[PDB]
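I have placed the structure first, in the form of structure tokens, so that the comments after it can refer back to it.
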Amino acid sequence: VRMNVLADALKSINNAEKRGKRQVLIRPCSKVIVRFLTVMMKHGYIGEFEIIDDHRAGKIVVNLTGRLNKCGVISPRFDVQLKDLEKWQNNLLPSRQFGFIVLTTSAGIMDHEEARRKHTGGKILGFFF
Amino acid sequence: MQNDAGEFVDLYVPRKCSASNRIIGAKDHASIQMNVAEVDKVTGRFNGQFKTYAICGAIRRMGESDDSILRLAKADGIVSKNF
Amino acid sequence: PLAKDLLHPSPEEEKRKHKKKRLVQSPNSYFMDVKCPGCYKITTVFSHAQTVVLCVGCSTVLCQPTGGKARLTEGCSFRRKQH
Amino acid sequence: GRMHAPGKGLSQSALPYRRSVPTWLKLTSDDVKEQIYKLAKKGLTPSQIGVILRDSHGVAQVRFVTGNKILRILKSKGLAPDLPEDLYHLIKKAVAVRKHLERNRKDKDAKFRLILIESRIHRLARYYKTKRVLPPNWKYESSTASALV
Amino acid sequence: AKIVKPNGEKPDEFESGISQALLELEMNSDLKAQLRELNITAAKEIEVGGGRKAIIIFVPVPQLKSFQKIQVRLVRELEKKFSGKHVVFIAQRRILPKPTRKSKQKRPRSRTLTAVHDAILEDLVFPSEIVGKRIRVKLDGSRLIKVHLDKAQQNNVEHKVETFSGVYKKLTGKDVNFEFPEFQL
RNA sequence: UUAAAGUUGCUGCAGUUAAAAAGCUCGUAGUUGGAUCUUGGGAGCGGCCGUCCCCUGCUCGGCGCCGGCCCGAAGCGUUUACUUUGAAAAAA
RNA sequence: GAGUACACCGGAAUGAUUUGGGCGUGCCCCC
């Protein structure tokens, strides 16, 4: 059955980005999906996303643009520290110039750069470049 | 393309597609670069300017490039909005 | 259509699709109020009734249960209501 | 799909987004409560009660005009049955299959479906033990089964 | 007189004038049999952006189903008794803080912030109900709620949407826009 | 014996035909489990934004003023993991 | 008062008078 909604959301975004589509439809909504898309859209990888509100579970339609390469998840949520982050961005990212790891943190859903200069770490969510 | 001094170092900036915003390679022969002529406002002749659209080879291989060209012409203002 | 708008589609596609696969799901049924031509009462019944009902006063049967919509008896008029 | 069948069906209700009592509904919440009380004293499950109300009274849902569910209404009155209706229906199907199976010894599909039915009974029974609806000393048994309606 | 404050303290002057006007209404009209115990909690006026203002009236939560039956006449009466002011009725609901572990009965979810805001939104627009909500995130990261309204009964509320957005910004603090789309009816 | 071995694969292998999906199904222990509960601003600095303070309760008593006010404190506050700091942690 | 068309009215609109119905609130009966 359905076990991870963020994984299916990112796989749908990746598939419709590879197909060249302009809009998607994520079927279940959650706070972590909205925060993850907010991290992408603040960092400039997607457009405005509309949350279609209903009384069961919302649907998200993001204005896709030709700006994304891949989105993925790391299941299960592996906990990381400040001394373990370097290995993750070494074996997970293409270069040391771009690309981000989004990780769950007690300060909030936030990427690895502000996790570095806020001096805090937590559980990992995924990556995009 | 830049460094700490900020000077440019790349060999050439590659063309991007106007439909999917994907990089057109140097060996993608199926990619095109379409020129569309404008018209005079009253007399209705060729004034001289160009309108340029670039479609990568993946869209033409998909076969869904005329919809993209029609959308870009509607966005520029060539095709009438009601259509 | 690689650039089909899913936020505001035409209502013909919304009526075209399944009752669960729209943007917001809406049931295909409705409430109707069939009345007898020999009686003077008005009774509100369901479109997909799937039971047999009697009129107020125990005179006639209004609908018959089928696989889908209820089979209203002949001569009895009805109209859709809403709010 | 199903838990005991290879088919993956899709057929259920689709509740509307609109959250309001309709203006053509001239039934007070006490009135639909009274119809619920008299139809439950007629000896009906909450499913058939909801069907009869939406079929011959025009109410869409009880909990949208009263703010409370049907079984919660019957529990607040004090006339809801001790054994719930779905476990009762599953036990009735099990004892009917067993009554068929005792005469026909060669029927193996009846034996397989009986195995599936007692599996569903055991799963629902341990869930009802978890939510404390059933006492923990309650247990399904063959000779007890004909003692249970 | 008619106004009941939940605290034992002095009422203000604007809500006193509103209470005096409505008691003179129920004495001098045909509503005295339907406005006996019907009290008013409080009232407040704001500055709607433009060239006008509006009045927010607070109502206790058992008194919503009574005032919803006579909502149509009261807004007309407060329109004809005032000059050019639109008036809305908003229930007073309490919001409890989140039970953090740094800080007892379990908090009901009807008192949560989202439930209170949704109840305020559905109670602000009484003659036209909610038939769809859309949330848009602009490039700076802020939200923008877009609310769809039904087609039937729009000849009274086609011009009150600016006051609705003003009072929703003043009470809650979220952007809101109101539309009348063409999908179902 | 180690790397080469992505030929023991947690990072990181394979199962149609090359080695390899139990004949099929039920099932306890094990593993994995849908959405939802507090949002937003003010005081200021550089020119809306990367820093700055704020949105758990009562009995003993000290930066002070003339029984009235702020501060401290013997006493306790729904529990876990995760995360950051601090102690101690023999040498070679 | 069963009410499909109905028969008596009470409120009420401008000292005095009065505007066909039903409940399916919008199309159905009689002109």
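Chain C uses Swiss-Prot numbers throughout; the residues present, in order, are 2-84.
If you check the header, you will see the structure was determined by electron microscopy, 3.7 Å.
From the backbone N, Cα and C atoms, a Cβ is placed for every residue, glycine too.
Swiss-Prot annotations:
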BINDING   C:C37, C:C40, C:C56, C:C59  Zn(2+) binding site
MOD_RES   C:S11  phosphoserine
ZN_FING   C:37-59  zinc finger
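Residue counts for the zinc finger (C:37-59) under DSSP, helix first, then strand, then coil, are 0 helix, 6 strand, 17 coil. Look at the binding-site residues C:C37, C:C40, C:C59 and count other Cβ atoms within 10 Å of each Cβ; C:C59 has the fewest. DSSP assigns C:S11 (phosphoserine) to coil in the three-state reduction, placing it in neither a helix nor a strand. Counting only same-chain residues at least 6 apart in sequence, those with a Cβ under 8 Å from the Cβ of C:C56 (Zn(2+) binding site) are C:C37, C:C40, C:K42, C:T44, C:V62, C:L63. On the backbone, the CA of C:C59 (Zn(2+) binding site) and the CA of the residue listed as 'phosphoserine' stand 46 Å apart. Listed in chain order, the residues near the Zn(2+) site other than C:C37, C:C40, C:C56, C:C59 are C:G39, C:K42, C:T44, C:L55, C:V57, C:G58, C:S60, C:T61, C:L63, each with its Cβ within 8 Å of the site Cβ centroid. Counted within 10 Å of its Cβ, the other Cβ atoms near C:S11 (phosphoserine) come to 11, all protein chains included.
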